[PDB]
């Protein structure tokens, strides 16, 4: 249940707070930094309410354990060097006790000139030849045109989160000045040939200080 923001985009020199919330009555909480090929590095930890400990890479950060449930990470004068995936973690106490991690916050620090561009989102009609030859339909959802590089793409089938048969690119493809991201949902022909089945690709991103989504739908055939 440990909660932390999904995506955050900041401008240069901006201040911002990432707040982690846990419902396990854990005394230990912590904030970790993940950057490509730099493992997981402790930014700030807390052994209890209103107790904080600097990590090795704390320069540029402050933190406040406002209560047992909540541990704030403050970003001071946001810099390109801040861009990372941030993980909050908790445990009953420190010392050889498993840490419970959140799903992670992807933070991007932008130049005070660059704007955030929402993606264009299309679903491609599946190939009738593939359906005949392979008895399967591959639905390709493409998100393109967006900036910065981080964006989440998920599928829902008839209002329900779908993971079976989904392959989503882990990393965005740089196309000139913008990025794109692709997700494929491959389903059986029987599941495709139902005009009631609602196949929904959702792109979640961050724009204008808030989290936004674009939803694209394609229905099955008769």
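Numbering follows the first chain given and starts at 1.
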property	result
Residue stretch of maximal mean CA temperature factor, 105-113 vs 118-126	105-113
Stretch with the higher entry mean CA B-factor, where the candidates are 61-69 and 170-178	170-178
Record-listed C-alpha B factor of residue 45: chain third	lowest
Third of the chain's Cα B-factor distribution that residue 78 belongs to, per the entry	highest
Ranked C-alpha temperature factor of residue 203 among modelled chain residues, by third	lowest
Third assignment of residue 135 from its chain's C-alpha B-factors	middle
Third of the chain, ranked by Cα B-factor, where residue 97 sits	highest
